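Taking it in order: structure first as structure tokens, then the write-up.
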Amino acid sequence: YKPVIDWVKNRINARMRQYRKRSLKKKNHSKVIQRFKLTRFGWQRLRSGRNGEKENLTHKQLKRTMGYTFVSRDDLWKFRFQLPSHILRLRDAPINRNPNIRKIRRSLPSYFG
Amino acid sequence: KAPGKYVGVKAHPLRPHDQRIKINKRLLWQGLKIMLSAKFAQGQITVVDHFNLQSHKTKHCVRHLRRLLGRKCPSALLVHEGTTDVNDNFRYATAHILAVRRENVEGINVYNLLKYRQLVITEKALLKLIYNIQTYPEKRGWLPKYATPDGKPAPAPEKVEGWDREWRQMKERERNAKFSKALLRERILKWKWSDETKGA
Amino acid sequence: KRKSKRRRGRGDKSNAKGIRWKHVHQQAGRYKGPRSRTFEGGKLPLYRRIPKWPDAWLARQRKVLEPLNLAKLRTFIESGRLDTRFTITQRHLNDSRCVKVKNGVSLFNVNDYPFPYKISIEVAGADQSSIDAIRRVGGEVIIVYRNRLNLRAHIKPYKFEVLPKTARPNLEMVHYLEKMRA
Amino acid sequence: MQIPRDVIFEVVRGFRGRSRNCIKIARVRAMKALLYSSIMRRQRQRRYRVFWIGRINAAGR
Amino acid sequence: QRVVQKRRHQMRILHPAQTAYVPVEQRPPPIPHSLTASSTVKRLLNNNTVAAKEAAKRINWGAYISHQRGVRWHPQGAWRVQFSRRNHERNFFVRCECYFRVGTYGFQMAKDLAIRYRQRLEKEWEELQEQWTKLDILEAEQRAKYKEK
Amino acid sequence: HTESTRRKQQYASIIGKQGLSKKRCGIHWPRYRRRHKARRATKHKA
Amino acid sequence: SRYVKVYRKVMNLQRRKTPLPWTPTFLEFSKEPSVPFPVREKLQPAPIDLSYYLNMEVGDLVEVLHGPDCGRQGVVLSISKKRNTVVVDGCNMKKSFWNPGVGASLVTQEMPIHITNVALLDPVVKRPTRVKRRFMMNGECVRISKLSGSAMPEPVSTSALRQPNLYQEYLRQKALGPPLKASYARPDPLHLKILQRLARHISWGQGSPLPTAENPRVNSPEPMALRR
RNA sequence: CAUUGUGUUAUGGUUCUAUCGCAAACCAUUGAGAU
RNA sequence: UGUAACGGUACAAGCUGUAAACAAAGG
RNA sequence: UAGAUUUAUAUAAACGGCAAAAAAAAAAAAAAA
RNA sequence: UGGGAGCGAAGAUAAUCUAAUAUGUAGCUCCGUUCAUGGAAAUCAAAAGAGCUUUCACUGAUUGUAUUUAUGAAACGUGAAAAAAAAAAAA
RNA sequence: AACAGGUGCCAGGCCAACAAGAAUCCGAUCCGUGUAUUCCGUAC
RNA sequence: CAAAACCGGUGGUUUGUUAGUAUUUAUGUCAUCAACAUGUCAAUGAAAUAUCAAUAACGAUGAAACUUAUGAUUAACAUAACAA
RNA sequence: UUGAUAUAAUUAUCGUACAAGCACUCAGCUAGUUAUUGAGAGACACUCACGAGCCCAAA
RNA sequence: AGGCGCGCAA
RNA sequence: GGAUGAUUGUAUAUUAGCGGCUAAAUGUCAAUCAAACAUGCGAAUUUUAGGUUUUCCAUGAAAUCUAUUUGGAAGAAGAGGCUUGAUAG
RNA sequence: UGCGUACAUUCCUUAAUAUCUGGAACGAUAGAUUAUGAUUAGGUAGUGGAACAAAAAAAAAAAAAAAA
């Protein structure tokens, strides 16, 4: 007795898996997408307490509650995996430590180099 | 039969797959041009009248190749158009010269140019190659179009006089800059940020 | 210099990513936690805390026109991609690749900046600022009603053996056309 | 490995029994030998110094 | 969708600062970057304050400028003389790391001595190149004479 | 491991010598032949 | 199910005759190397030509055993030994196509039937039989049928069996291409001959000016000439 | 720094692979045959 | 079709069917 | 294709209701294949 | 036979569990794969049009279903492949 | 360099019924299809 | 703006020098079932159509032998010889 | 020989533990595989090409 | 065919 | 201990696992029966726990907070910030 | 009124990769290596940089001094 291998079946299955693997697509979360709106200034969301009890809120608090706000930076990593097809490219302020661009350069006769 | 319990069983086995990758066609075009430049610089390019032979014997073609390229040539790529640049006698004669490889203009690649030390090209094939290289950007759409029946640029019209006078006057007014908060409040009242990702 | 491979579990001194924390202080199993994309603990996921926003997901479903900036149009005119001696149409914009037309071109102006050239241009839409800037120097903005098939035949007539006859608009499009005329 | 295999087998030359040729035991023995060398090479300076000191003290007395 | 986040301030889109081009017939040489390694200068640059901005105007930055290639200032408190050459055919590699210290000589005297040192090194290098060419020609003559036999 | 080290040492000892024979090369005979063919490859058409 | 598409793709790879011909074009490279080959088991029974052992020849009367032609009797017109297939007169009328010649719009003709689905017919009982070759003293061969012991009648001659194969003519015309324009296909012998004379001058004139009424002289072509 | 140890060498112990095979596809030829 | 049981053959993982390795020279 | 060529492999299916025994008087007698 | 027909599970995901997923999967019985499946509109669409059926890419992981997990080769449509309708009233 | 097989191992020209070298020199101990140089055949 | 076949017979290529090989029983079980035993058809050698002569010694053949030729091959492990 | 000197190794652990688990020794097998699919999101994520343009599926 | 991006200044 | 009896013995058969048999012990069904065994591209999984194989160098933790039943899972906190060289020789 | 005792980037040889050590310097046909330059270089988890891993493939294993 010898354990002879079924190469036809093994290779056909390998090709099937390869084609599927290399043709897989992205997938977004149909539930997460419904609560957010992507704009040029960041992700936007409504405020919890919009649909709750509000009789004891002041007018300022009610205005803020029925307004909107932006998703906090701490919660953005969730989007990377829940909404792959909608990407917000974060843009913080530039951090340049070149001494020549600082205000004190105006007090010097030349640049540092 | 499981990993670590049988010879020939693997936890992460090698799998059959396609090894082809993708590259920018622009990069391929630029690489072809660089390869031609390199062959010119290194003196591995020869231009021939034609590859038409009157004898099919391998020895005569070998002698011609030796006369042109010397006795120390490692290998050669012979480039022709196919119809009136070369003939069946040449195709028969070169069929047993293992150091030379025949190609048409359509099949020229950086790979071929690097693989074969010498490049022997007919004048017709050289001109065909130059035309293809120079017109490839137009075919691939890397150059601007002009939306005219002839496809050439149209004249640029003149500007209507005083088209920006009101804007200039508004800038002149605002350049005083002493009513900064007032102008800021006016702008806040007049203008609105859009929540859309495309357009204004 | 390329990147060196960083295979794990090949000795203690290798600079590959470690294995000891993974073995000891990480949950066992395929998913290293619940099989989900939303789980954050016993607390509700952020999206379930937040209320639903139908406007946000209806805006995405809304069919939109291709925006074109008057600055881009001016640059193309100056460089000669479009001819100002004849009516500039959606087909002209498409063919110069000023803008690729899927549903129709919509003009928009920026900061109410003026426009320098007298032009006649046909489009599907246009903002009031763009219309005023074009007309201030003697220009003309044209809107010709076109169904999807009509726009396809207008941009690519060469794909039609028999060109179709333009169809009449519905109530919404009549409202839009009269509003544009106003 | 902490030390190369060839270095281990070269260092365990002259040792007793399986420590000479069995890698598992030779590794432990060579580790200990070289660690002892490392520590004692740092320590021996003062052990020599006290010998000098005692000799000088006897000579002076 | 790849949406680039934008920042708005005072009803404008905020952008990094950006200056225009001011043509200059002859841009003067920079103050050496080696000064930025000193603690005093580092603090002066890192403190955006009135006292720092006044000390900057009181500091004579022009005394640290070297008008000589291969001579400049080092946070050591000395003038560094450098001269680097590599000749593989003659197996001769030179790297000068000379220091003329202000404490030893004086600011200006150390500067002058460093400049003279660099000049002498250049002169010696030129003479050595000439000698090497002469010796190479002689070697070729010897090889030809040997092949004559 | 030990087998791979030994095989590599033997291959390093033999592979650099011209004119060997099959009985001298043993299990490394096809590799040695391919190596010599590659070395000859440069002499074709000089 | 999300696997039917890829399964069909990989199964069509089993029938693909890879590598297929590919026309080179500038800055394009073939995908044939990336296409995988079909997988088969190479240890199988050896080829056989069953007609040899069954003593079946063109011109013999046979009966179709299975299929929509069961019980139909026809004369064998063609035998494929490599495929072990037989063409039977008036059976397996499967191949239909536009008429390449005169007559009706469509023409249909037989298709091969595997030899095992067919059987020789006994001349007396007219039922499936087995035929054995016997040899007399002089060496004359006689085919004998098992059922009745009768000799087989001589196969019908090729002259009588012959019929045109219109499907091959249709394939030839299709390979040539779509019908020509009537105007383009109209012969113009005089202008064609004028153009052929001009073509002779163009190809073999070595760039000499064409003859005219003023100077109709004949320009002698130059030989290649030996190097000296 | 042993005759109960070590160094060096030798002899054993030891994995075993010698193509008894190569279209159902395609290319090129050649008979019969059709046009 | 394929396989096997017995038998013959070097008492066999080959060949082979009581005609069990060979008829090719018949009124 | 000169002849010869044992035995087993449960076969009227080159054939037609199903259903034990490759196909069984009607009925009892029952079914997703 | 990850093709087609019938019947038809649980281990696994849901961090228990239910639906849903797994999956109309495995096993079992039956077809036997381009000479096949299917099929020449009482179709789809908009007030313009397409033109049996079939295959590929895009539209798009979009609109959907599931509403803790996920599933989804959607429809119309676009670019290609292949192209066919119907010898036939008797003789 | 896949100008396949065989010949004591790596042979286009030793055999292989249709081309072309018993080519020369150098090889620890036998042989060489090996190194170096060179000639010839090839619509193979 | 350049350039413009069908049915037999015979070989070759690719699959495939880059991939793998699968046909006979020794052994377990009531049975379903499970399971790469024993190197190779092969002394050694290219050649045995090179093993001749022989109580022994010197001889014979062979490139290598009565033998690192009349089966080869690590480590662990087994035994000896030599050395201060 | 004699003097001095030294509590195998590994893992978990607050804990440098043969009263904790594995291992006589040795040979071979034996475990971070892969985005024709994803990416640089204040705990680190490079590099070429073209550039207001850039890519080019099936065939 | 399709995909992404397309200044908010002038 | 029984040994004329609810005795002992025997060929071939029947009841089959989501089950059978059971003078009832969860006794027994080919010696692991509170639910047999074999096979199954049903190619079972795991908040515990075993291993995870070259070297050199740079940098370098925590055993804290919120919320959930969780020494688990989610987020935060936790680094690289800056500096540290001088003559009235 | 003394002395013993742990610590050397005193000497000699190496190393520094999440943008700040002189170096935005000196060289440049592909960096030879800083001689009184600085910081310095214990390290589990984590993270990062570099050097190997003797093989295979590729149509680049003779224009190379002296000797032969």
Side-chain angles (χ1 to χ4, degrees), chain A residues 1-4 22 24-27 31 74 76-77 80 90 92 113, chain B residues 3-4 7 11-12 18 24 26-27 56 58 75 81 83 92 95-96 98 115 127-128 131, chain C residues 3 7-11 13-15 18-21 27-29 33-36 39-43 110-111 113 147 149-150 164 167, chain D residues 14 22 28 36 40, chain E residues 2 13 33-34 37 39 42 70 72 74-77 82 84 86 93 95 97 102-107, chain F residues 8 12 18-19 21-22 33 39 41-42 44, chain G residues 1 3-5 7 17 37 43 65 78 80 94 104-107 111 128 133 135 137 141 164-165 168 171-172:
Chain A
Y1 169 89
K2 272 222 187 73
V4 183
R22 306 189 94 166
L24 287 166
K25 285 190 179 178
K26 276 180 182 190
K27 281 169 164 286
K31 281 119 165 45
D74 278 1
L76 294 177
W77 193 255
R80 175 180 185 96
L90 311 195
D92 302 340
Chain B
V7 168
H12 300 308
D18 179 343
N24 291 332
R26 195 186 297 265
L27 266 178
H56 65 75
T58 318
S75 193
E81 190 254 327
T83 309
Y92 303 157
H96 210 298
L98 309 185
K115 172 157 187 180
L127 297 179
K128 169 95 165 290
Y131 166 88
Chain C
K3 291 81 207 170
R7 318 184 291 144
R8 296 195 199 194
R10 296 314 197 249
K13 314 304 208 153
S14 161
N15 65 344
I19 58 153
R20 220 144 276 301
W21 177 283
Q27 159 172 149
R35 170 153 129 62
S36 67
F39 186 87
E40 311 179 49
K43 54 180 164 178
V110 160
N111 269 18
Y113 196 78
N147 163 41
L149 188 57
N150 300 151
Chain D
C22 295
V28 152
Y36 296 146
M40 299 201 57
Chain E
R2 319 208 165 261
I13 291 293
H33 183 67
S34 64
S39 265
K42 202 169 214 69
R72 82 146 46 183
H74 199 274
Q76 258 204 56
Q82 294 169 264
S84 180
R86 295 181 332 266
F93 309 84
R95 172 169 184 167
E97 296 292 355
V102 306
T104 312
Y105 302 102
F107 199 90
Chain F
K8 293 159 179 232
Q18 301 159 263
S21 61
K22 176 165 161 186
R33 264 194 291 168
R39 280 153 172 172
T42 289
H44 284 287
Chain G
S1 190
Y3 311 120
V4 171
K5 182 167 147 221
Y7 173 76
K17 293 174 175 181
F37 297 99
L43 190 55
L65 295 166
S78 177
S80 316
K94 245 71 172 294
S105 185
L106 286 162
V107 279
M111 266 184 108
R133 273 188 155 92
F135 283 76
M137 308 279 216
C141 163
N165 186 286
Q168 222 60 237
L171 289 169
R172 178 187 91 73

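By convention in this document, chain letters (A, B, ...) are assigned in the order of the sequence lines, proteins followed by strands, and residues within each chain are numbered from 1. Scope of the values below: all heavy atoms of this structure, side chains included, with no hydrogens, waters or symmetry mates.
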Nearest-neighbour nucleotide for the D:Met40 side chain, N:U5, N:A39, K:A48 considered: N:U5

Adjacent-base stacking, I:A10/I:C11, criteria 5.5 angstrom and 30 degrees: no

Side-chain-base donor-acceptor pair under 3.5 Å for F:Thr42 and Q:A60: no

Side-chain-base donor-acceptor pair under 3.5 Å for E:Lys42 and P:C82: no

Side chain of G:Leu43 - closest among M:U23, K:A61, M:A76: M:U23

Donor-acceptor pair (no angle test) under 3.5 Å: E:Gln82 side chain, Q:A25 base: yes

Candidates M:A2, K:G3, K:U68 - which lies nearest the side chain of G:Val4: K:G3

M:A47|M:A48 base stack, centroid gap <5.5 Å, plane angle <30°: no

Any donor-acceptor N/O pair under 3.5 Å between K:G72 base and A:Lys27 side chain: yes

Closest to side chain of E:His33, choosing from J:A14, Q:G22, Q:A60: Q:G22

Nucleotide forming a Watson-Crick or wobble pair with K:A74, both distances under 3.5 Å: none

Under 5.5 Å and under 30°: G:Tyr3 stacked on K:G2: no

Quiz item: A:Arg80 side-chain donor-acceptor pair to N:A41 base, under 3.5 Å: yes

5' priority, RNA chain M, between G:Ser80 and A:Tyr1 [closest heavy atom]: G:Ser80

Watson-Crick or G-U counterpart of P:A61, or none if no pair lies under 3.5 Å: none

Under 3.5 Å donor-acceptor pair, A:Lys31 side-chain atoms to K:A66 base atoms: yes

Nucleotide paired to M:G11 in any strand shown, Watson-Crick or G-U, under 3.5 Å: H:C27

Under 3.5 Å donor-acceptor pair, C:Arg35 side-chain atoms to K:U13 base atoms: no

Check: C:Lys13 side chain, P:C56 base, donor-acceptor under 3.5 Å: no

Donor/acceptor link under 3.5 angstrom from A:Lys26 side chain onto base of N:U37: no

Sugar-phosphate only, base, or nothing, as touched by C:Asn111 at under 4.0 Å among non-hydrogen atoms: sugar-phosphate

Six-ring stacking criterion satisfied by N:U7 and N:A8 (under 5.5 Å, under 30°): no

K:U29 pairs with, by Watson-Crick or G-U criteria that keep both distances under 3.5 Å: K:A5

Whole-Å distance separating the NE2 atom of E:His74 from the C1' atom of Q:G23: 9 Å

J:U7: pairing nucleotide in any strand, Watson-Crick or G-U under 3.5 angstrom: I:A4

Watson-Crick or G-U wobble partner of Q:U39, both distances under 3.5 Å: Q:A16

Touch class at under 4.0 angstrom, heavy-atom based, for G:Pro164 against every strand present: nothing

Pairing nucleotide - H:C1, Watson-Crick or G-U, each distance under 3.5 Å: none

Geometric stacking, P:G20 and P:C21, six-membered rings, under 5.5 angstrom and under 30 degrees: yes

Intra-strand stack J:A23 & J:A24, ring centres under 5.5 Å, planes under 30°: no

Listed nucleotide nearest any side-chain atom of F:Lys8, set M:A22, P:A74, Q:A53: Q:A53

Side chain of E:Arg86 (C-beta onward), nearest among N:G32, P:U54, Q:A32: Q:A32

Sugar-phosphate, base or nothing in reach of F:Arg39, heavy atoms under 4.0 Å: base

Who pairs with N:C48 - Watson-Crick or G-U, where each distance is under 3.5 Å: none

Aro-ring/base stack B:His12-N:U33, d under 5.5 Å, angle under 30°: yes

Polar pair under 3.5 Å, donor/acceptor by atom type, side chain C:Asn15, base Q:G49: yes

Distance-only donor-acceptor test, G:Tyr7 side-chain atoms vs K:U1 base atoms, 3.5 Å: yes

Position toward the 5' end of RNA chain M (nearest nucleotide), G:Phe37 or B:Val7: G:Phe37

Canonical Watson-Crick or G-U pair M:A19-M:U44, 3.5 Å limit on both distances: no

Sugar-phosphate only, base, or nothing, as touched by C:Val110 at under 4.0 Å among non-hydrogen atoms: base

Test item: F:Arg39 side-chain N/O and F:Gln18 main-chain N/O as donor-acceptor pair under 3.5 Å: no

Proximal nucleotide (of K:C56, K:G24, O:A10) relative to the G:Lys5 side chain: K:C56

B:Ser75, nearest nucleotide to its side chain (from P:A73, Q:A59, N:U47): Q:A59

Proximity to the side chain of C:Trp21 - top-ranked nucleotide from L:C10, P:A61, N:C48: P:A61

